[PDB]
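J.: pasting the first bit of my complex, frame unchanged:
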Amino acid sequence: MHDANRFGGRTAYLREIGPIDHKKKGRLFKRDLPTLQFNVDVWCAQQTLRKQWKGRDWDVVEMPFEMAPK
Amino acid sequence: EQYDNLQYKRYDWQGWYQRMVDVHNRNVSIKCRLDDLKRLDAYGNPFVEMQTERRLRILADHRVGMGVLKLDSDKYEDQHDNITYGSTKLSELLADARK
Amino acid sequence: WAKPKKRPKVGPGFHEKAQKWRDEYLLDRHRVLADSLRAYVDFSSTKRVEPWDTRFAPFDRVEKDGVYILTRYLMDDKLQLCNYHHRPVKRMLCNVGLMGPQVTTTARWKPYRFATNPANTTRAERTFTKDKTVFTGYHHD
Amino acid sequence: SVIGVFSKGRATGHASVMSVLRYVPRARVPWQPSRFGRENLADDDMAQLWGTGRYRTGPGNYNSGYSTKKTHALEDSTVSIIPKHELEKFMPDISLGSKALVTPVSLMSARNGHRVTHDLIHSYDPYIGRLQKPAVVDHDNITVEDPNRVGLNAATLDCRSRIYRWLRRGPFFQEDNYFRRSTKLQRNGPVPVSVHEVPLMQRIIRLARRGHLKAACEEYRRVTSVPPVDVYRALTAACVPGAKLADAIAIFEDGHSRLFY
Amino acid sequence: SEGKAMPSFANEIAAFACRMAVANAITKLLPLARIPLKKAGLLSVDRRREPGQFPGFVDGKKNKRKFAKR
Amino acid sequence: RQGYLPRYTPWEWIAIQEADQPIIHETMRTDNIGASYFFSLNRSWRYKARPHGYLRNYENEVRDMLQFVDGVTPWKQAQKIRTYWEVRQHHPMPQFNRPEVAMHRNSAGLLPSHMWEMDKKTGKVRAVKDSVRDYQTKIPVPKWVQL
Amino acid sequence: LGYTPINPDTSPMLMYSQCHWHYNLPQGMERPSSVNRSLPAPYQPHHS
Amino acid sequence: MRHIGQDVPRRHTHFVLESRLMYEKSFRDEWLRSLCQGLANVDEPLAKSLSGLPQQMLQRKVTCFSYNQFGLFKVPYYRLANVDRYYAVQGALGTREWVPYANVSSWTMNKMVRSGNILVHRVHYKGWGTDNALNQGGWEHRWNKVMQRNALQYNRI
Amino acid sequence: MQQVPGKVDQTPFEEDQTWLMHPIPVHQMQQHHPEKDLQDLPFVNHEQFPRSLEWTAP
Amino acid sequence: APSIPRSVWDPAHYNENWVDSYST
Amino acid sequence: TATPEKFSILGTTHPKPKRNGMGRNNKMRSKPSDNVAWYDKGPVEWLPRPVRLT
Amino acid sequence: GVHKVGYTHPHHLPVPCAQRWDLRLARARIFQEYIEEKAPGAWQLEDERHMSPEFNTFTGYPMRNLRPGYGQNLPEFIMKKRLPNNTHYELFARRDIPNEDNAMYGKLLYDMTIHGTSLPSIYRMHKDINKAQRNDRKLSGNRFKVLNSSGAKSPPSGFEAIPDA
Amino acid sequence: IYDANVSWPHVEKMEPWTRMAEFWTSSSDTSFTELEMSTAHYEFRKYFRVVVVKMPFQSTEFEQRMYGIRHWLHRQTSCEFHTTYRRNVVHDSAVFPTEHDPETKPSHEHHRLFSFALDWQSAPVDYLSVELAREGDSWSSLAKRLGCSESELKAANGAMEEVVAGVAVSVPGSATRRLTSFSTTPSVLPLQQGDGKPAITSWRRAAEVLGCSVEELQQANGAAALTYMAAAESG
Amino acid sequence: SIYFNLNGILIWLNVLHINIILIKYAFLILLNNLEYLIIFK
Amino acid sequence: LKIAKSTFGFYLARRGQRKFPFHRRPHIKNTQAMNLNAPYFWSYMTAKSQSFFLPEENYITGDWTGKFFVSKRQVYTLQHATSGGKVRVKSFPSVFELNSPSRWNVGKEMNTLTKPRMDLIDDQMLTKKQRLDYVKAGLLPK
Amino acid sequence: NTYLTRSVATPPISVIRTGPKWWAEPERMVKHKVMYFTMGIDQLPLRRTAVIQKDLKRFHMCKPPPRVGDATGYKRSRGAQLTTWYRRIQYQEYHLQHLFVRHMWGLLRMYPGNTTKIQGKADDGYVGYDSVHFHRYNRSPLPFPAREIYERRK
């Protein structure tokens, strides 16, 4: 599940290693899904945002209208 | 404009449920097709050309879509007020797009 | 219904065992704090075992060659200053950018509690036997 | 045998009338003829029920800080009150008095009409909070204990019928009552102009005549009482130079039939 | 993709939906191509349905909760 | 009695129903004057143009709040409210870095070592001395605080 | 079936019983109620 | 009181009245308090009208005010008590036990449907529901879609 | 994203190694949003007025 | 504009094409 | 402060046990399991281990 | 790379033109908005689960801001918080009341017009009748508990109650 | 009805509203699986149909036929109206002038939080429409300082046939050089002679000399307000 | 009060069912829980 | 409840081991109030920012006769530790006071100060049944 | 191998039984195909197994052939010997796939997971960076760091 080779290793933010005592040890937010799910939605969005911004061969440059490309 | 004709029509809740259903409809979607503004003016100057309306769109980024400046005034719940305040923010936008 | 049955009174004079116990426990709270805080800090000042996993490339390459060159020359003093903790070095190493993106994708790194072992941690028995008196969340040493 | 929540009672009718009015029969409630509301209680017991009902802030509760209980029982053990001196050592006193509770009139619309930020719900109508006199809410004399008992308390006897009137209040109830209760035309006929607010009105006629119209209007919103006629004479005078016809009428229709003509 | 749009259609349970969608398409174009198709089932539609969500089952699909005897 | 239920409300009952309830005077929607930009939205506090919704809407009212909190409040009283860091300035270890970023930045210089005592054999903190008596700090309340 | 009475304005078993309409029937208007315009009352308010 | 001619069928039915005042009190104190927390922790300049001391002195004034205020409502809505107007049943909102729309607990709602007193249309127990909006993204989607309707579709001004 | 001028500004990180290692918090506590905080949870979706989810205000 | 528009109560405004009810 | 020399009821409570079963219910003592890997049997260990070929 | 975004003032250019920031300024003036000085440039994360077609729940708008640290105690949040005034909670305040017939009117007013006098809720009736039937047949359970004891602990000058046998 | 080309008005469908309300049909404490396994989904629903009427002109007699539909609707069916009427709006440049930039361009420093509260007088900007003719100005000389046409100025002020120094001319609407109705550079009031040689020594004479409110004088002069009357502790 | 012929009345009081038939398929299936549950047809 | 530990046992039912949504568990049981993670000692169970103002319970709104105990959300300051007067926090069984003041307590709310689940349990408060269950547990052995 | 944490073993049939779920996962047998293909090794058992699954997957929907009473039982016996053959065919291939891969990692110098044996390079079980003191089966206290079996340079 949280096998550290999942989600590009960023699953290490969500993993309670070892024979945890479910009552006293183990952070709460690591238990509920939607928080785990909302988090992965963050990281998964980054790769898109990264890849969209790694292909920025163009650089944005403003220009007065008169001498812009036709 | 939505008035109630159900169990919410008559008794003591006649008011607050009516007040709700209107403050819940306080919007007045002011619209105008930009191409309409491309008329002459009483000073004789052309009102809005390609150089001007370009400024207009970028002045209201998500607002001006499908070539119609859409201004939804949701500030006040008195709907007539939203018309006055809405038209207020409206002319200001043309005041700058005419720069 | 298991009709709700009462619990008896709290017992005579237990309150005195309460005001006492909570207090002198909160006093013990200080030393375990004072101990663990030192353990955390003095951990941060010490050296760690190197966070990388030598088994995987590009850290299989012999110490003479490979990324060990830049590790030995361009940033050597720095990687000692950062005390070889697995949080700064992977950030320092990413800054030099002379190895590209191979920090995260290619280079595999030691697990967490394997990377908090201090330098000269020869016996692997060590990484599990860190002291129990200190409450640190396994940042201590 | 005989048991009750209260032993002593007091009437709600005056002496000079009751000696004669006692002859005409009173067609009481059929099922419960003995009518015992909050009004019939003595002002001693009146306070005690007034204290509780508020889960935290109500002085009835021991930990309300305003309580009169000197020593109280906590699970078979007693606990003593910390007088104000021994308390003011640690927790620094930050008190501004009653005048910190009364939020101004222009902010009624913000806070659902309510100016008074007491624990209870202070209602500008008399019938919700009527104890014996028609409930007139006071602003300066607001106190934690709320002596006049002009608040919609939670758990006092005869609260159901009182609360059900609150949840049935019109859209403008705290709003219109406060305007109608006060600020009514004078019995002799004229309009009740004079308050300590007159310097505000002078400013407008000091400001409107100069031609700073929007300055007048954006200040005129602060006006609360009925403006005297010399205000509008100055206001509408500023609409003349720029043909701001839309504004003069909006000024008119406000002072016309909405501010007592 | 008229149905619930998903990033990757890499599952046969979607392929058959496409294999059928192309099958019905050819028939409308060509009348007598319905004979060799219908004899091979590409026209016929599955009525299989993955079980809708339900809270009672722990995973939600077909495996109930636990119960231990005293 | 015989099933003839009207598919449509007959024209008669239309007029009879439609005449039992009065026209709202506002839905007439007549305006040849225009909009009053200076005055209309600033009308009297009774029938005022009441803003509603997100806090952005309460422009003309927030100004009154500030003018109100400015009014009743003496700065004298407000001085006593302490920020957290103002209070944590009196703690033995007021500020030390957390493990996410600047863990290595922490040093023994951050340790209030003189507060407690160390035992060389255990290498740990055996106990701590009393800090309330001997903490002489010129700012029990902070410097700019002047009651 | 208890002390809490049934709200006759929101209950189907009542509103869709035989003693009222059913949801199937043509559902038209039963009878026009000309009250305010046949015998109108004048405006005697309590608030002066 | 003290069970002397109690008119209601159940005593706890009264607590619904108190809870309704909480929403009423919350309407009373929210804008004022929320404005304070809006001014309390702003560390950047408030506005070019107020920077530096006029800010950090006022910042303590405004908070001191909401601290000076007496009995102000500082309860977040989820911490209140969900109770039914019918049977005064205590409900844990967000669970299956609290029916969201009619805002009555399961026990009260379950009874009302079988002993039909409310107009609901039954749907297969395993199904996602006849709706087509809820189907696509589950419970979270319909949660999103309404925010689009209530607030987002409004191209602001 | 038009950013304020004169402010030392940061280009989005192009290489992944820079993305993970920078200190970014993860959403530990409960989620909040200005609009739909009223609609308390994904489950309990309060509707002050039942309107068709495609009701477009004119 | 009377309540019952002239379309209904009139011979000359009769819709000859409007089929009766018991036919369809 | 000045941590009392003898603690009244901190240590004077009941003793706490340490779990001694390496697994479910804290009962499974160490014993050669089925999962034992016989490296001798053949060029691969028997039983085989989970092998992914990415 | 981390840089200093340049703002070449439109005047000192070869061919002048209103820079895009100037418009972004001139916009915020008209629609009063908040330009944050400390906004991060790297954080342009779009809500992909919503604003992308291939995803199941494509709503087209950015539903949630993917800023994880976003809370209600934040300043910028409270600027955009929706006041509970006239929302679901108002409706639940006035409609979700113990006796749903009381929201319509005070009951006494109803039993004043429709009936002739106020009648107690159905509970008090069942309370009342059952007292009578037992009291008509039996006795010895009648606990004379009244709200105010004065009427009982002190009967008036008249009213000598008939000795009940 | 559902085709606009053939029918008028033309009913437009709309997706019904559905709110699944699942709940535990059971009620017991000891067993939770009993509850969850006893879930049953009953839905509330409301079906909509939208009537779309397009009048080539706005007749109010027709609209009040419309808003009367709410009475005779079939049982248990409320309706809402979406009116959409053209409205003529005047963009009078006199109130909103399309003028040049301000010399000091506002910046992000003018758009922090609460900027709408403290940084911007709600549009439209106030402009002075009243201008006093100075000592010897002419009609072209006034039209000068107001940046307006003398002829427009002559038409604007009908009552002003001759200019008498000290009377205020009504600024024409088409003006381009009208002023922001306030002064920006601070001014101070010395206890220099003022009223006679005696200076200001109390709050009221403080107002009398400036001719403005004691209140608005206290508002700016905060320090002098917290101490005394006219800040009795002189220099 | 409109009417159209009956097919089967079904008095389902809490005591029992008494299901009479005069068979047809169906139309609207009326329902009354005033005091005694009955399913008209 | 099976054992009504207070007035709220007669009303609410355990409903099994019900799984509430996160952070919406109904009873605010801060049994994890004092869990000392020394690195996060200033961020755990505290104000997430260190520039917030102190909570209300550390301050006095109006003229109080006197609070029996100050609430547990109050934060401890030096004035608290130096004035030394009796400062009380509600807890079972009756109340807890900070008789022995220290500066290690300054800056942390009283939640993190008190120990909610007192290790010394009451063989007196628990009937022969509920004590027996502790005997099997080894928390209260025999 | 990027997977190194401790593992759990399942018998051959208990994996072979999953068929097209994981055992005959289409792309998986394409992986071990190329790997076999590129090594110059004939992919005879894989294509031998591939037809076994492809027929079973294709015919998993139908009924079993009608069980008419046959006192001889030859059909039931033939129904078994042909089955146990198929299992024995996949048994060989299942082991064969694990044979080469661990040996393959001997050629790419990829440290396999815990409790894993490469014929020559890690004769006994390799275990590095586990969750326990000792080699789980050989009771040898681990060395730190994880011991290496290949030579350092590439």
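T.: Received it, and whenever you're ready, just let me know what you need. Numbers count the residues shown, from 1 in each chain, chains lettered A, B, ... in the order given.
J.: pull the contacting residues for residue H:7.
T.: L:120, L:121, L:123, L:124 (CB atoms under 8 Å, 6 or more residues apart in numbering or on different chains). C-beta here means a position set from N, CA and C on the backbone, and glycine is covered the same way.
J.: at 10 Å instead, please
T.: D:31, D:32, D:160, L:120, L:121, L:122, L:123, L:124, L:127 (CB atoms under 10 Å, 6 or more residues apart in numbering or on different chains).
J.: list only buried entries from these.
T.: Listed as buried from the contacts of residue H:7 are D:160, L:120, L:121, L:123, L:124; burial here means 16 or more other CB atoms under 10 Å in any protein chain shown.
J.: just the ones of those in strands?
T.: Among these, no member is found in strands (DSSP state E).
J.: which ones, among those residues, also lie beside chain F?
T.: With CB under 10 Å from any CB of the partner chain as the criterion, the buried ones among the contacts of residue H:7 include none near chain F.
J.: please narrow those to those residing in helices.
T.: Counting by DSSP state H, the part of the buried ones among the contacts of residue H:7 found in helices is D:160, L:123, L:124.
J.: near chain M too, which of the residues you listed?
T.: Among those, no residue sits close to chain M (CB under 10 Å from any CB).
J.: list just the nearest of the residues you listed to chain C.
T.: Nearest to chain C among those, counting by CB to the nearest CB, is residue L:123 at 23.2 Å.
J.: what sits against the closest one?
T.: Per CB under 10 Å, 6+ apart, neighbours of residue L:123: G:2, G:3, G:4, H:6, H:7, H:8, H:9, H:10.
J.: JSON lines for these, including distance to residue H:85?
T.: Below are the contacts of residue L:123 laid out as JSON lines (distance: CB to CB, whole Å):
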{"residue": "G:2", "distance to residue H:85": "14"}
{"residue": "G:3", "distance to residue H:85": "13"}
{"residue": "G:4", "distance to residue H:85": "9"}
{"residue": "H:6", "distance to residue H:85": "17"}
{"residue": "H:7", "distance to residue H:85": "16"}
{"residue": "H:8", "distance to residue H:85": "11"}
{"residue": "H:9", "distance to residue H:85": "12"}
{"residue": "H:10", "distance to residue H:85": "11"}
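J.: pull up the distance across stretch H:92-100, start to finish.
T.: Distance across stretch H:92-100, first residue to last, is 11 Å (CA to CA, to the nearest Å).
J.: please tell me how far residue J:7 sits from residue J:1.
T.: 12 Å (CB to CB, to the nearest Å).
J.: nearest to residue H:108 among the buried ones among the contacts of residue H:7?
T.: Using CB to CB, residue L:123 comes nearest to residue H:108 of these, at 17.4 Å.
J.: distance of that closest one relative to chain F?
T.: 38 Å (CB to the nearest CB, to the nearest Å).
J.: next: residue M:36.
T.: 39 Å.
J.: show me the contacts for that residue.
T.: E:54-58, E:64-65, H:95-96, M:24, M:26, O:16, O:18-19.
J.: was I right about residue P:7 contacting residue P:116?
T.: Yes. Assessed by CB atoms under 10 Å, residue P:7 is found in contact with residue P:116 at 7.9 Å.
J.: tell me which of those two has more neighbours.
T.: residue P:116 (25 against 17; other CB atoms under 10 Å in any protein chain shown).
J.: attach RNA strand Q to the model above:
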RNA sequence: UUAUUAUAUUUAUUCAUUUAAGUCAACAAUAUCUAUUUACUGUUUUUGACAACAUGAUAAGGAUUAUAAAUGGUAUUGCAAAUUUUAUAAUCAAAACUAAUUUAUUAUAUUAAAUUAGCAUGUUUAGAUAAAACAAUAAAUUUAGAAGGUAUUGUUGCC
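T.: One more chain to add, RNA strand Q, which I have set with the ones above:
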């Protein structure tokens, strides 16, 4: 074992939470012909829905009636309509486990804002044991149809 049709069949297991009482009645303020009604005062005799007993009432639970659109039950599960005759126990902010009827996240990357979980590293290893046949993919080691009861809502029966 009587002459349109298949159980042998994986995927799982350490899980807990609740607080510190308060119902004995109703009252237009603007623009419709004027009421100070402005500030509409009359003194006090009862004991069910409760902390208690107090009839009804809808669930969980698979085992032998679809081939051209359906796999969850009535006997009953806390708060419900005729049995009263000690007694306020209701959510409010900041709050303490003993509880059968519960997916907790297991090693590339890991705390951002209403307050939210530090000790249990030890061969995904005891005994017990959990849940599928539904848009998926396992179709056979095999089935109506004869049978007894001291019980008498019946094997947790009686003797």
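J.: since we added RNA strand Q, can you redo the contacts of residue H:7?
T.: D:31, D:32, D:160, L:120, L:121, L:122, L:123, L:124, L:127.
J.: how far away is the nearest residue to residue D:56 once chain neighbours are set aside from residue D:93?
T.: Counting by CB to CB, 6 or more residues apart in numbering or on different chains, residue D:64 is the residue found nearest to residue D:56 once chain neighbours are left out, at 6.9 Å. Distance of residue D:64 to residue D:93, given as CB to CB: 17 Å.
J.: between these two, tell me which one has more neighbours.
T.: Neighbours per residue, other CB under 10 Å: of residue D:64 and residue D:93, the larger number sits with residue D:64, 24 against 15.
J.: residues touching that one, list them.
T.: D:51-52, D:54-58, D:119, D:144, H:71, O:64-65, O:67-68 are the contacts of residue D:64 under CB under 10 Å, 6+ apart.
J.: list just the nearest of the residues you listed to chain N.
T.: The closest of those, once distances to chain N are taken by CB to the nearest CB, is residue D:55, at 40.4 Å.
J.: hang on, that closest one in a helix?
T.: No. According to DSSP: H, G, I helix; E, B strand; the rest coil, residue D:55 belongs to no helix; its state is coil.
J.: what's it in contact with, if anything?
T.: Here residue D:55 is in contact with D:61, D:64, D:119, D:154, D:155, H:18, H:22 (CB under 10 Å, 6+ apart).
J.: what distance do you get for it to chain B?
T.: Distance from residue D:55 to chain B, by CB to the nearest CB: 26 Å.
J.: so how far is chain K from that residue?
T.: From residue D:55 to chain K the distance is 35 Å (CB to the nearest CB).
J.: could you tell me how many residues sit around residue F:55?
T.: 23.
J.: once you drop chain neighbours, what's closest to residue 35?
T.: With no chain named, the answer covers chain A. Counting by CB to CB, 6+ apart, the residue nearest residue A:35 is residue A:29, at 4.9 Å.
J.: right idea, wrong chain: chain M
T.: That would be residue M:24: by CB to CB, 6+ apart, it lies 4.2 Å from residue M:35.
J.: how about stretch B:81-99: buried residues?
T.: B:81-98.
J.: restrict these to those near chain D?
T.: residue B:84.
J.: got phi/psi on the most centrally placed residue in chain H?
T.: Residue closest to the average C-alpha location in chain H (CA atoms, centre = their mean): residue H:77, at 4.6 Å. Main-chain dihedrals, residue H:77, degrees, to the nearest 10: phi -50, psi -30.
J.: list the contacts for it?
T.: H:22, H:23, H:26, H:30, H:93, I:37, I:38, I:40, L:84, L:89.
J.: could you do residue D:208 as well?
T.: By CB under 10 Å, 6+ apart, the residues touching residue D:208 are D:215-217, D:219-220, D:230-239.
J.: how about a cut-off of 7 Å?
T.: By CB atoms under 7 Å, 6 or more residues apart in numbering or on different chains, the residues touching residue D:208 are D:216, D:234, D:235, D:237, D:238.
J.: kindly report the same for residue K:22.
T.: Residue K:22 neighbours (CB under 7 Å, 6+ apart): K:28, K:29, K:30.
J.: please repeat the previous calculation with a cut-off of 6 Å.
T.: Counting by CB atoms under 6 Å, 6 or more residues apart in numbering or on different chains, residue K:22 makes contact with K:28, K:30.
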